[PDB]
Amino acid sequence: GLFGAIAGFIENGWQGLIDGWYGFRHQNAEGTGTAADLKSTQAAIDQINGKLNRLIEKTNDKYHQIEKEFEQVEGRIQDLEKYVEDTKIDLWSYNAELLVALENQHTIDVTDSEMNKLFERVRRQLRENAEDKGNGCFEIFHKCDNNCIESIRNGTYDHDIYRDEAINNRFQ
Amino acid sequence: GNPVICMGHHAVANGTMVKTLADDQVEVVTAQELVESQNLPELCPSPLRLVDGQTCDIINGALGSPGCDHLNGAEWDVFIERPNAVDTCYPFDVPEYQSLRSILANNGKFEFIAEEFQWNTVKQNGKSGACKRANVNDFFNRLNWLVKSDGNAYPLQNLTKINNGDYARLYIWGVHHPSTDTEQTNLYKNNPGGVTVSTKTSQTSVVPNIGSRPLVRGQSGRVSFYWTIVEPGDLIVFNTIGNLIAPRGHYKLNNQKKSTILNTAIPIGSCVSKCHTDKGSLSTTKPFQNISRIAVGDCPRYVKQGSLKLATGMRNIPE
Ligand SMILES: CC(=O)N[C@H]1[C@H]([C@H](O)[C@H](O)CO)O[C@@](O)(C(=O)O)C[C@@H]1O
Ligand SMILES: *[C@@H]1O[C@H](CO)[C@@H](O)[C@H](O)[C@H]1NC(C)=O
Ligand SMILES: *[C@@H]1O[C@H](CO)[C@@H](O)[C@H](O)[C@H]1NC(C)=O
């Protein structure tokens, strides 16, 4: 995808992440954990369900049309009837082919995008207390127990609490 | 400083392949098939009104051939016409066959209004062995075969019907073609015969055609059928010196014609669906279908592809 997160600096996905599309995996002094992120997950799902609904959206409600099957050739009028239908089918087949390719391209970029937005959200929360390891992970330069980790996940982490400790650990 | 927090995304063991602009096999976590490739083995009698012609195609139904009485008064969204339909009456052709068939199917009903035609001295109700009704010789019950009087006379016919109703009328009439000159005189008398049907702004004139044709149900003669539409405020005039297969009235035409016809051998069932193909009804919410270009109702659009998968999830990168 355009952002290079999924199948990019994020090496692979997590099969263990079963209650969300995106999430957090951490390690601290008291253990490890995986938790889904609701906002990013819902953002992706909403956009994909939006596409699905616009596809279901419209109407091909047709009754009296033209004959489309013929026993024997008749000439001029039959030729035109067959050419009209063959032309229509090719144009609609083209539309279908292009639509799915465009939508899929976009869907993949949207999901790559939402992965990157989540990473960037957390990056900004952490300020100067952490460093990007390069694989979608941050090294956090202060003790961060389960309540600290949860504060990051739910967006209430206050970087100023830990800043002195973190700066001292990063440099010097 | 040493704890770590990683941001990531889900995956499954095996996803589904989809196409993009740049890649024809991309694995994603979930996908949705957009092409319906599965049909019911029956036609759904609801919510659309289907009328099964059974052994009568719609033309024989209009004409009132033997075995078509069940189509009397019928109203349809879709007339179901069967491939194994049988001619059970006098051998005929319709010069603009598909146009008459189209008008009848589109109109969407068989509502016949009997009218009486004071034909002069000519005999009426001619029958035939090619058109058996319980083995008694009979004829199309919407038509009246006119033949010469007992006293060796077929006078000029000159009859008029005026339309002061609030609907357009469909009159179906015909011209009989004898096999020989003796046949012509033995029925008509006059030779040649001739029919002229006209309205205020239109007309039609037919010269009968005498000649030996292949035997069909023991006959060499033929009938050619025609029609005339009579708008409100218009009227129709029948003129003949012979060979007229007269109408017994007219069909009622709907002002708005919204119905159609579907030729298929598929049985009518008990399911519910608003989309019918000649292969059977579709029951689906998919936007496309590859089952048949012949489709009527509220249907997915017909396409050539057997499958088109829409990604409904991110790229699947397991482990
Ligand atoms: C008006 C009338 O009586 N029709 C007679 C017809 C017609 O003269 C021919 O079919 C025209 O070709 O011939 C019959 O052999 C038939 O078909 O049963 C006897 C029948 O009574
Ligand atoms: C009969 O023909 C005459 C002239 O040929 C015409 O004036 C008259 O309207 C016709 N009658 C009917 C009932 O068609
Ligand atoms: C429709 O597609 C299916 C595969 O999804 C295929 O098996 C079938 O033959 C196709 N029908 C056609 C091409 O009429």
# chains A, B, ... in the order shown; residues from 1 in each chain; ligands from 1

call {"tool": "interface_residues", "arguments": {"of": "chain B", "to": "chain A", "cutoff": "6 Å", "atoms": "only C-alpha atoms", "output": "ChimeraX atom specification"}}
result
/B:1-12,19-21,260,296-299,303-304,310-311,314,317-318

call {"tool": "residues_near_ligand", "arguments": {"ligand": "ligand 3", "cutoff": "6 Å", "atoms": "only C-alpha atoms and all ligand atoms", "output": "JSON, numbers by chain"}}
result
{"B": [37, 290, 291, 306, 307]}

call {"tool": "write_last_selection", "arguments": {"atoms": "N, CA and C atoms", "output": "PDB file, in the first residue's frame"}}
result
ATOM      1  N   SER B  37     -23.401 -16.705  -9.590  1.00  0.00           N
ATOM      2  CA  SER B  37     -23.245 -17.792 -10.562  1.00  0.00           C
ATOM      3  C   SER B  37     -24.098 -19.002 -10.223  1.00  0.00           C
ATOM      4  N   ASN B 290     -23.557 -14.059 -13.961  1.00  0.00           N
ATOM      5  CA  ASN B 290     -23.033 -14.625 -15.204  1.00  0.00           C
ATOM      6  C   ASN B 290     -23.914 -15.761 -15.745  1.00  0.00           C
ATOM      7  N   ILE B 291     -25.146 -15.834 -15.260  1.00  0.00           N
ATOM      8  CA  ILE B 291     -26.009 -16.975 -15.556  1.00  0.00           C
ATOM      9  C   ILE B 291     -26.675 -16.880 -16.939  1.00  0.00           C
ATOM     10  N   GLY B 306     -16.859 -15.065 -14.578  1.00  0.00           N
ATOM     11  CA  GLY B 306     -17.401 -16.076 -13.685  1.00  0.00           C
ATOM     12  C   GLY B 306     -17.268 -15.702 -12.217  1.00  0.00           C
ATOM     13  N   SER B 307     -16.334 -14.800 -11.924  1.00  0.00           N
ATOM     14  CA  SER B 307     -16.063 -14.388 -10.552  1.00  0.00           C
ATOM     15  C   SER B 307     -15.375 -13.024 -10.503  1.00  0.00           C
TER      16      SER B 307
END

call {"tool": "residues_near_ligand", "arguments": {"ligand": "ligand 1", "cutoff": "12 Å", "atoms": "only C-alpha atoms and all ligand atoms", "output": "ChimeraX atom specification"}}
result
/B:89-92,122-133,135-139,144-150,175-188,209-223,243-245

call {"tool": "select_by_dssp", "arguments": {"residues": "stretch 4-109 of chain B", "states": "helix (DSSP H, G or I)", "output": "VMD selection string"}}
result
chain B and resid 58 to 63 69 to 71 97 to 107

call {"tool": "closest_residue", "arguments": {"among": "B:204, B:305, B:102, B:289", "to": "residue B:261", "atoms": "only C-alpha atoms"}}
result
B:102

call {"tool": "closest_atom_pairs", "arguments": {"of": "chain B", "to": "ligand 2", "cutoff": "7 Å", "atoms": "only C-alpha atoms and all ligand atoms", "output": "CSV"}}
result
residue,atom,partner,partner_atom_place_in_ligand_line,distance
B:158,CA,ligand 2,14 (O),4.5
B:159,CA,ligand 2,13 (C),4.1
B:160,CA,ligand 2,13 (C),4.5
B:237,CA,ligand 2,14 (O),5.7

call {"tool": "write_last_selection", "arguments": {"atoms": "N, CA, C and O atoms", "output": "PDB file, in the first residue's frame"}}
result
ATOM      1  N   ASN B 158     -68.778  -5.054 -46.042  1.00  0.00           N
ATOM      2  CA  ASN B 158     -68.548  -3.634 -45.827  1.00  0.00           C
ATOM      3  C   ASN B 158     -69.016  -3.274 -44.425  1.00  0.00           C
ATOM      4  O   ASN B 158     -70.076  -2.681 -44.254  1.00  0.00           O
ATOM      5  N   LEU B 159     -68.235  -3.662 -43.418  1.00  0.00           N
ATOM      6  CA  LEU B 159     -68.628  -3.440 -42.026  1.00  0.00           C
ATOM      7  C   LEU B 159     -67.704  -2.509 -41.264  1.00  0.00           C
ATOM      8  O   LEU B 159     -66.494  -2.482 -41.488  1.00  0.00           O
ATOM      9  N   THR B 160     -68.290  -1.787 -40.315  1.00  0.00           N
ATOM     10  CA  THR B 160     -67.573  -0.766 -39.572  1.00  0.00           C
ATOM     11  C   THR B 160     -67.799  -0.878 -38.065  1.00  0.00           C
ATOM     12  O   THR B 160     -68.931  -1.036 -37.603  1.00  0.00           O
ATOM     13  N   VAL B 237     -62.714  -0.453 -40.594  1.00  0.00           N
ATOM     14  CA  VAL B 237     -63.592  -0.910 -41.668  1.00  0.00           C
ATOM     15  C   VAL B 237     -63.072  -2.180 -42.340  1.00  0.00           C
ATOM     16  O   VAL B 237     -61.977  -2.197 -42.908  1.00  0.00           O
TER      17      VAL B 237
END

call {"tool": "select_by_dssp", "arguments": {"residues": "stretch 84-271 of chain B", "states": "strand (DSSP E or B)", "output": "mmCIF file with N, CA, C and O atoms, in the first residue's frame"}}
result
data_model
loop_
_atom_site.group_PDB
_atom_site.id
_atom_site.type_symbol
_atom_site.label_atom_id
_atom_site.label_comp_id
_atom_site.auth_asym_id
_atom_site.auth_seq_id
_atom_site.Cartn_x
_atom_site.Cartn_y
_atom_site.Cartn_z
ATOM 1 N N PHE B 92 -50.754 -21.764 -39.944
ATOM 2 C CA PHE B 92 -50.744 -20.331 -40.208
ATOM 3 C C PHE B 92 -49.340 -19.734 -40.171
ATOM 4 O O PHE B 92 -48.394 -20.364 -39.696
ATOM 5 N N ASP B 93 -49.217 -18.513 -40.681
ATOM 6 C CA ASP B 93 -48.035 -17.701 -40.430
ATOM 7 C C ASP B 93 -48.469 -16.289 -40.041
ATOM 8 O O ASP B 93 -49.618 -15.902 -40.254
ATOM 9 N N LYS B 109 -51.998 -8.722 -20.881
ATOM 10 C CA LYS B 109 -53.271 -9.364 -20.561
ATOM 11 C C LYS B 109 -54.034 -9.847 -21.794
ATOM 12 O O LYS B 109 -53.887 -9.316 -22.896
ATOM 13 N N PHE B 112 -60.521 -10.257 -23.796
ATOM 14 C CA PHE B 112 -61.247 -10.222 -25.059
ATOM 15 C C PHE B 112 -62.650 -9.653 -24.879
ATOM 16 O O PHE B 112 -63.373 -10.026 -23.955
ATOM 17 N N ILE B 113 -63.024 -8.741 -25.766
ATOM 18 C CA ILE B 113 -64.360 -8.169 -25.750
ATOM 19 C C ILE B 113 -65.126 -8.638 -26.979
ATOM 20 O O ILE B 113 -64.811 -8.253 -28.107
ATOM 21 N N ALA B 114 -66.122 -9.487 -26.757
ATOM 22 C CA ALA B 114 -66.908 -10.023 -27.859
ATOM 23 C C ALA B 114 -67.672 -8.909 -28.558
ATOM 24 O O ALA B 114 -68.227 -8.014 -27.921
ATOM 25 N N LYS B 123 -71.818 -17.698 -45.180
ATOM 26 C CA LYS B 123 -71.862 -18.623 -44.054
ATOM 27 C C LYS B 123 -70.763 -18.279 -43.059
ATOM 28 O O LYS B 123 -69.712 -17.759 -43.435
ATOM 29 N N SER B 128 -62.369 -26.955 -39.277
ATOM 30 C CA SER B 128 -61.356 -27.755 -39.960
ATOM 31 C C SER B 128 -60.899 -28.953 -39.134
ATOM 32 O O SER B 128 -60.978 -28.946 -37.904
ATOM 33 N N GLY B 129 -60.413 -29.980 -39.824
ATOM 34 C CA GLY B 129 -59.924 -31.180 -39.172
ATOM 35 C C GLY B 129 -58.509 -31.006 -38.662
ATOM 36 O O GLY B 129 -58.003 -31.835 -37.905
ATOM 37 N N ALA B 130 -57.870 -29.923 -39.087
ATOM 38 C CA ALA B 130 -56.533 -29.583 -38.621
ATOM 39 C C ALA B 130 -56.609 -28.896 -37.261
ATOM 40 O O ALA B 130 -55.598 -28.720 -36.587
ATOM 41 N N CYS B 131 -57.822 -28.515 -36.868
ATOM 42 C CA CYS B 131 -58.039 -27.768 -35.637
ATOM 43 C C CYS B 131 -59.070 -28.445 -34.753
ATOM 44 O O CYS B 131 -60.103 -27.862 -34.412
ATOM 45 N N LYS B 132 -58.758 -29.677 -34.372
ATOM 46 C CA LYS B 132 -59.688 -30.550 -33.674
ATOM 47 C C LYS B 132 -59.903 -30.090 -32.229
ATOM 48 O O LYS B 132 -58.954 -29.731 -31.536
ATOM 49 N N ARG B 133 -61.162 -30.053 -31.802
ATOM 50 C CA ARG B 133 -61.505 -29.750 -30.415
ATOM 51 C C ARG B 133 -62.406 -30.862 -29.888
ATOM 52 O O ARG B 133 -63.600 -30.907 -30.205
ATOM 53 N N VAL B 136 -64.088 -33.166 -32.560
ATOM 54 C CA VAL B 136 -65.000 -32.397 -33.399
ATOM 55 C C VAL B 136 -64.218 -31.318 -34.151
ATOM 56 O O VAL B 136 -63.469 -30.555 -33.536
ATOM 57 N N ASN B 137 -64.382 -31.260 -35.471
ATOM 58 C CA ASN B 137 -63.729 -30.231 -36.277
ATOM 59 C C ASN B 137 -64.052 -28.833 -35.764
ATOM 60 O O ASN B 137 -65.215 -28.502 -35.532
ATOM 61 N N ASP B 138 -63.020 -28.017 -35.572
ATOM 62 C CA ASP B 138 -63.216 -26.689 -35.006
ATOM 63 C C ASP B 138 -62.243 -25.670 -35.600
ATOM 64 O O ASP B 138 -61.635 -25.917 -36.640
ATOM 65 N N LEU B 143 -61.569 -16.272 -33.952
ATOM 66 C CA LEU B 143 -61.718 -15.985 -35.376
ATOM 67 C C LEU B 143 -62.981 -16.629 -35.951
ATOM 68 O O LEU B 143 -63.499 -17.610 -35.412
ATOM 69 N N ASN B 144 -63.454 -16.067 -37.058
ATOM 70 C CA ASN B 144 -64.677 -16.528 -37.702
ATOM 71 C C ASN B 144 -64.423 -16.768 -39.188
ATOM 72 O O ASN B 144 -64.292 -15.824 -39.969
ATOM 73 N N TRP B 145 -64.324 -18.035 -39.575
ATOM 74 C CA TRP B 145 -64.041 -18.389 -40.966
ATOM 75 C C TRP B 145 -65.264 -18.167 -41.867
ATOM 76 O O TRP B 145 -66.241 -18.903 -41.790
ATOM 77 N N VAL B 147 -67.317 -18.265 -45.270
ATOM 78 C CA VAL B 147 -67.432 -18.927 -46.561
ATOM 79 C C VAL B 147 -68.733 -18.539 -47.250
ATOM 80 O O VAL B 147 -69.663 -18.002 -46.640
ATOM 81 N N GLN B 157 -68.293 -7.510 -48.557
ATOM 82 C CA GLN B 157 -68.518 -7.190 -47.154
ATOM 83 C C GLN B 157 -68.035 -5.771 -46.875
ATOM 84 O O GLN B 157 -67.013 -5.337 -47.405
ATOM 85 N N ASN B 158 -68.778 -5.054 -46.042
ATOM 86 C CA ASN B 158 -68.548 -3.634 -45.827
ATOM 87 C C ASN B 158 -69.016 -3.274 -44.425
ATOM 88 O O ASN B 158 -70.076 -2.681 -44.254
ATOM 89 N N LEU B 159 -68.235 -3.662 -43.418
ATOM 90 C CA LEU B 159 -68.628 -3.440 -42.026
ATOM 91 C C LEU B 159 -67.704 -2.509 -41.264
ATOM 92 O O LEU B 159 -66.494 -2.482 -41.488
ATOM 93 N N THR B 160 -68.290 -1.787 -40.315
ATOM 94 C CA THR B 160 -67.573 -0.766 -39.572
ATOM 95 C C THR B 160 -67.799 -0.878 -38.065
ATOM 96 O O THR B 160 -68.931 -1.036 -37.603
ATOM 97 N N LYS B 161 -66.708 -0.811 -37.308
ATOM 98 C CA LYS B 161 -66.782 -0.740 -35.858
ATOM 99 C C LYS B 161 -66.171 0.572 -35.385
ATOM 100 O O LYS B 161 -65.067 0.936 -35.791
ATOM 101 N N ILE B 162 -66.897 1.285 -34.532
ATOM 102 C CA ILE B 162 -66.443 2.580 -34.050
ATOM 103 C C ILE B 162 -65.964 2.472 -32.609
ATOM 104 O O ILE B 162 -66.610 1.840 -31.774
ATOM 105 N N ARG B 169 -58.030 -0.455 -29.033
ATOM 106 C CA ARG B 169 -58.442 -1.820 -29.333
ATOM 107 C C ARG B 169 -57.473 -2.530 -30.266
ATOM 108 O O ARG B 169 -56.945 -1.940 -31.206
ATOM 109 N N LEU B 170 -57.251 -3.808 -29.990
ATOM 110 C CA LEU B 170 -56.450 -4.668 -30.844
ATOM 111 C C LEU B 170 -57.353 -5.664 -31.576
ATOM 112 O O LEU B 170 -57.948 -6.540 -30.951
ATOM 113 N N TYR B 171 -57.466 -5.517 -32.893
ATOM 114 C CA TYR B 171 -58.214 -6.471 -33.712
ATOM 115 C C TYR B 171 -57.266 -7.411 -34.439
ATOM 116 O O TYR B 171 -56.418 -6.967 -35.213
ATOM 117 N N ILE B 172 -57.409 -8.709 -34.201
ATOM 118 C CA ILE B 172 -56.628 -9.696 -34.940
ATOM 119 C C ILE B 172 -57.486 -10.371 -36.014
ATOM 120 O O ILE B 172 -58.534 -10.931 -35.714
ATOM 121 N N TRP B 173 -57.033 -10.305 -37.264
ATOM 122 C CA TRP B 173 -57.767 -10.882 -38.387
ATOM 123 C C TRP B 173 -56.810 -11.605 -39.318
ATOM 124 O O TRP B 173 -55.591 -11.474 -39.188
ATOM 125 N N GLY B 174 -57.359 -12.368 -40.258
ATOM 126 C CA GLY B 174 -56.529 -13.167 -41.136
ATOM 127 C C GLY B 174 -57.012 -13.282 -42.569
ATOM 128 O O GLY B 174 -58.131 -12.888 -42.905
ATOM 129 N N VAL B 175 -56.144 -13.823 -43.418
ATOM 130 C CA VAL B 175 -56.479 -14.093 -44.808
ATOM 131 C C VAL B 175 -56.155 -15.545 -45.136
ATOM 132 O O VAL B 175 -55.044 -16.014 -44.878
ATOM 133 N N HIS B 176 -57.128 -16.257 -45.696
ATOM 134 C CA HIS B 176 -56.942 -17.663 -46.028
ATOM 135 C C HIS B 176 -56.377 -17.848 -47.436
ATOM 136 O O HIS B 176 -56.855 -17.240 -48.391
ATOM 137 N N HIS B 177 -55.358 -18.693 -47.552
ATOM 138 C CA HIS B 177 -54.739 -18.988 -48.839
ATOM 139 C C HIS B 177 -55.061 -20.414 -49.291
ATOM 140 O O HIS B 177 -54.552 -21.376 -48.718
ATOM 141 N N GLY B 194 -59.749 -11.234 -51.603
ATOM 142 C CA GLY B 194 -59.087 -10.012 -51.194
ATOM 143 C C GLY B 194 -59.673 -9.419 -49.934
ATOM 144 O O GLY B 194 -60.885 -9.458 -49.718
ATOM 145 N N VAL B 195 -58.796 -8.870 -49.099
ATOM 146 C CA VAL B 195 -59.198 -8.245 -47.848
ATOM 147 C C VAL B 195 -58.642 -6.829 -47.769
ATOM 148 O O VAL B 195 -57.508 -6.579 -48.177
ATOM 149 N N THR B 196 -59.443 -5.900 -47.262
ATOM 150 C CA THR B 196 -58.959 -4.555 -46.997
ATOM 151 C C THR B 196 -59.484 -4.059 -45.658
ATOM 152 O O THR B 196 -60.681 -3.833 -45.492
ATOM 153 N N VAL B 197 -58.579 -3.903 -44.699
ATOM 154 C CA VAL B 197 -58.936 -3.375 -43.391
ATOM 155 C C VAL B 197 -58.292 -2.010 -43.201
ATOM 156 O O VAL B 197 -57.100 -1.835 -43.456
ATOM 157 N N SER B 198 -59.082 -1.038 -42.761
ATOM 158 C CA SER B 198 -58.586 0.325 -42.669
ATOM 159 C C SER B 198 -59.147 1.098 -41.486
ATOM 160 O O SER B 198 -60.244 0.824 -40.996
ATOM 161 N N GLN B 203 -54.276 1.635 -43.175
ATOM 162 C CA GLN B 203 -54.958 0.625 -43.973
ATOM 163 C C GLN B 203 -54.066 -0.593 -44.200
ATOM 164 O O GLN B 203 -52.882 -0.585 -43.856
ATOM 165 N N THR B 204 -54.650 -1.633 -44.787
ATOM 166 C CA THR B 204 -53.930 -2.857 -45.126
ATOM 167 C C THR B 204 -54.746 -3.638 -46.150
ATOM 168 O O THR B 204 -55.949 -3.824 -45.977
ATOM 169 N N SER B 205 -54.095 -4.083 -47.220
ATOM 170 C CA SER B 205 -54.776 -4.856 -48.253
ATOM 171 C C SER B 205 -53.989 -6.110 -48.611
ATOM 172 O O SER B 205 -52.781 -6.052 -48.840
ATOM 173 N N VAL B 206 -54.682 -7.244 -48.652
ATOM 174 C CA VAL B 206 -54.032 -8.528 -48.874
ATOM 175 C C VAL B 206 -54.630 -9.277 -50.059
ATOM 176 O O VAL B 206 -55.844 -9.446 -50.157
ATOM 177 N N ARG B 222 -53.193 -22.289 -46.116
ATOM 178 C CA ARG B 222 -52.610 -21.542 -45.006
ATOM 179 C C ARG B 222 -53.470 -20.336 -44.651
ATOM 180 O O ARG B 222 -54.260 -19.858 -45.468
ATOM 181 N N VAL B 223 -53.310 -19.850 -43.425
ATOM 182 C CA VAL B 223 -53.872 -18.565 -43.028
ATOM 183 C C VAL B 223 -52.731 -17.618 -42.650
ATOM 184 O O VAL B 223 -51.788 -18.013 -41.972
ATOM 185 N N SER B 224 -52.799 -16.378 -43.117
ATOM 186 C CA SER B 224 -51.855 -15.360 -42.676
ATOM 187 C C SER B 224 -52.577 -14.375 -41.769
ATOM 188 O O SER B 224 -53.591 -13.802 -42.163
ATOM 189 N N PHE B 225 -52.064 -14.190 -40.555
ATOM 190 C CA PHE B 225 -52.711 -13.301 -39.592
ATOM 191 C C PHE B 225 -52.116 -11.898 -39.572
ATOM 192 O O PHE B 225 -50.912 -11.706 -39.743
ATOM 193 N N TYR B 226 -52.993 -10.926 -39.358
ATOM 194 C CA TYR B 226 -52.636 -9.519 -39.326
ATOM 195 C C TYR B 226 -53.297 -8.897 -38.108
ATOM 196 O O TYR B 226 -54.114 -9.537 -37.450
ATOM 197 N N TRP B 227 -52.953 -7.654 -37.800
ATOM 198 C CA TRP B 227 -53.663 -6.962 -36.737
ATOM 199 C C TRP B 227 -53.824 -5.488 -37.046
ATOM 200 O O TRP B 227 -53.103 -4.917 -37.868
ATOM 201 N N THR B 228 -54.792 -4.886 -36.371
ATOM 202 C CA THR B 228 -55.077 -3.475 -36.509
ATOM 203 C C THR B 228 -55.365 -2.921 -35.126
ATOM 204 O O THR B 228 -56.141 -3.510 -34.368
ATOM 205 N N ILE B 229 -54.716 -1.813 -34.787
ATOM 206 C CA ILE B 229 -54.987 -1.130 -33.531
ATOM 207 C C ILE B 229 -55.912 0.047 -33.788
ATOM 208 O O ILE B 229 -55.692 0.829 -34.715
ATOM 209 N N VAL B 230 -56.956 0.158 -32.978
ATOM 210 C CA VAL B 230 -57.931 1.223 -33.147
ATOM 211 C C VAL B 230 -57.940 2.115 -31.922
ATOM 212 O O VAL B 230 -58.429 1.722 -30.864
ATOM 213 N N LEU B 235 -61.907 4.406 -35.858
ATOM 214 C CA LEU B 235 -62.809 3.321 -36.196
ATOM 215 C C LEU B 235 -62.180 2.437 -37.266
ATOM 216 O O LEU B 235 -61.184 2.809 -37.884
ATOM 217 N N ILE B 236 -62.756 1.259 -37.469
ATOM 218 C CA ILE B 236 -62.154 0.260 -38.338
ATOM 219 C C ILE B 236 -63.166 -0.268 -39.356
ATOM 220 O O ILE B 236 -64.335 -0.483 -39.032
ATOM 221 N N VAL B 237 -62.714 -0.453 -40.594
ATOM 222 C CA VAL B 237 -63.592 -0.910 -41.668
ATOM 223 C C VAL B 237 -63.072 -2.180 -42.340
ATOM 224 O O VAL B 237 -61.977 -2.197 -42.908
ATOM 225 N N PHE B 238 -63.870 -3.239 -42.273
ATOM 226 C CA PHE B 238 -63.545 -4.502 -42.928
ATOM 227 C C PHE B 238 -64.216 -4.617 -44.298
ATOM 228 O O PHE B 238 -65.441 -4.568 -44.403
ATOM 229 N N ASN B 239 -63.409 -4.772 -45.342
ATOM 230 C CA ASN B 239 -63.927 -4.957 -46.689
ATOM 231 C C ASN B 239 -63.349 -6.192 -47.354
ATOM 232 O O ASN B 239 -62.129 -6.349 -47.432
ATOM 233 N N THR B 240 -64.226 -7.067 -47.837
ATOM 234 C CA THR B 240 -63.784 -8.312 -48.454
ATOM 235 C C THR B 240 -64.676 -8.800 -49.581
ATOM 236 O O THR B 240 -65.888 -8.583 -49.576
ATOM 237 N N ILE B 241 -64.052 -9.475 -50.538
ATOM 238 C CA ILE B 241 -64.764 -10.196 -51.580
ATOM 239 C C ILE B 241 -64.419 -11.679 -51.470
ATOM 240 O O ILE B 241 -64.809 -12.484 -52.317
ATOM 241 N N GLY B 242 -63.680 -12.029 -50.420
ATOM 242 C CA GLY B 242 -63.326 -13.414 -50.161
ATOM 243 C C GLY B 242 -62.072 -13.598 -49.323
ATOM 244 O O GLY B 242 -61.231 -12.702 -49.252
ATOM 245 N N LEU B 244 -61.434 -13.757 -46.137
ATOM 246 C CA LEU B 244 -61.301 -13.157 -44.814
ATOM 247 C C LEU B 244 -61.538 -14.155 -43.692
ATOM 248 O O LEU B 244 -62.560 -14.842 -43.660
ATOM 249 N N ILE B 245 -60.580 -14.222 -42.775
ATOM 250 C CA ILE B 245 -60.778 -14.881 -41.496
ATOM 251 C C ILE B 245 -61.091 -13.790 -40.478
ATOM 252 O O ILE B 245 -60.188 -13.149 -39.940
ATOM 253 N N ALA B 246 -62.380 -13.580 -40.237
ATOM 254 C CA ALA B 246 -62.866 -12.422 -39.494
ATOM 255 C C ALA B 246 -62.639 -12.519 -37.987
ATOM 256 O O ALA B 246 -62.549 -13.617 -37.439
ATOM 257 N N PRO B 247 -62.554 -11.358 -37.310
ATOM 258 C CA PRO B 247 -62.464 -11.320 -35.845
ATOM 259 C C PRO B 247 -63.827 -11.469 -35.180
ATOM 260 O O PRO B 247 -64.835 -11.105 -35.779
ATOM 261 N N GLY B 249 -64.258 -10.040 -32.250
ATOM 262 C CA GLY B 249 -64.209 -8.927 -31.327
ATOM 263 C C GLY B 249 -62.814 -8.334 -31.296
ATOM 264 O O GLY B 249 -62.103 -8.356 -32.301
ATOM 265 N N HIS B 250 -62.418 -7.813 -30.139
ATOM 266 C CA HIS B 250 -61.110 -7.180 -30.000
ATOM 267 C C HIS B 250 -60.505 -7.438 -28.631
ATOM 268 O O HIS B 250 -61.222 -7.686 -27.658
ATOM 269 N N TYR B 251 -59.180 -7.371 -28.562
ATOM 270 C CA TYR B 251 -58.483 -7.381 -27.285
ATOM 271 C C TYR B 251 -58.351 -5.971 -26.729
ATOM 272 O O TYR B 251 -58.167 -5.013 -27.481
ATOM 273 N N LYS B 252 -58.465 -5.854 -25.409
ATOM 274 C CA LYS B 252 -58.237 -4.593 -24.712
ATOM 275 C C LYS B 252 -56.739 -4.346 -24.536
ATOM 276 O O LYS B 252 -56.019 -5.209 -24.029
ATOM 277 N N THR B 260 -43.841 -8.506 -20.082
ATOM 278 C CA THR B 260 -42.965 -9.121 -21.068
ATOM 279 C C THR B 260 -43.167 -10.628 -21.118
ATOM 280 O O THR B 260 -44.104 -11.167 -20.523
ATOM 281 N N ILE B 261 -42.281 -11.302 -21.837
ATOM 282 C CA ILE B 261 -42.389 -12.736 -22.039
ATOM 283 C C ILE B 261 -41.029 -13.399 -21.859
ATOM 284 O O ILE B 261 -39.997 -12.823 -22.201
ATOM 285 N N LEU B 262 -41.030 -14.608 -21.306
ATOM 286 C CA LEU B 262 -39.797 -15.349 -21.084
ATOM 287 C C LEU B 262 -39.966 -16.783 -21.588
ATOM 288 O O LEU B 262 -40.820 -17.524 -21.104
ATOM 289 N N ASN B 263 -39.168 -17.164 -22.577
ATOM 290 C CA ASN B 263 -39.261 -18.500 -23.146
ATOM 291 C C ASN B 263 -38.311 -19.438 -22.421
ATOM 292 O O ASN B 263 -37.091 -19.298 -22.524
ATOM 293 N N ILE B 268 -42.400 -23.736 -12.676
ATOM 294 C CA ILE B 268 -42.764 -22.723 -11.697
ATOM 295 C C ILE B 268 -42.877 -23.368 -10.317
ATOM 296 O O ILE B 268 -43.520 -24.402 -10.164
#

call {"tool": "closest_residue", "arguments": {"among": "A:46, A:71, A:150, A:158", "to": "residue A:125", "atoms": "only C-alpha atoms"}}
result
A:158

call {"tool": "atom_distance", "arguments": {"atom1": "atom CA of residue B:71", "atom2": "atom CA of residue B:254"}}
result
17.2 Å

call {"tool": "closest_residue", "arguments": {"among": "B:107, B:98, B:164, B:312", "to": "residue A:50", "atoms": "only C-alpha atoms"}}
result
B:312

call {"tool": "atom_distance", "arguments": {"atom1": "atom CA of residue B:255", "atom2": "atom CA of residue B:94"}}
result
24.4 Å

call {"tool": "closest_residue", "arguments": {"among": "B:199, B:284, B:292, B:121", "to": "residue B:36", "atoms": "only C-alpha atoms"}}
result
B:284
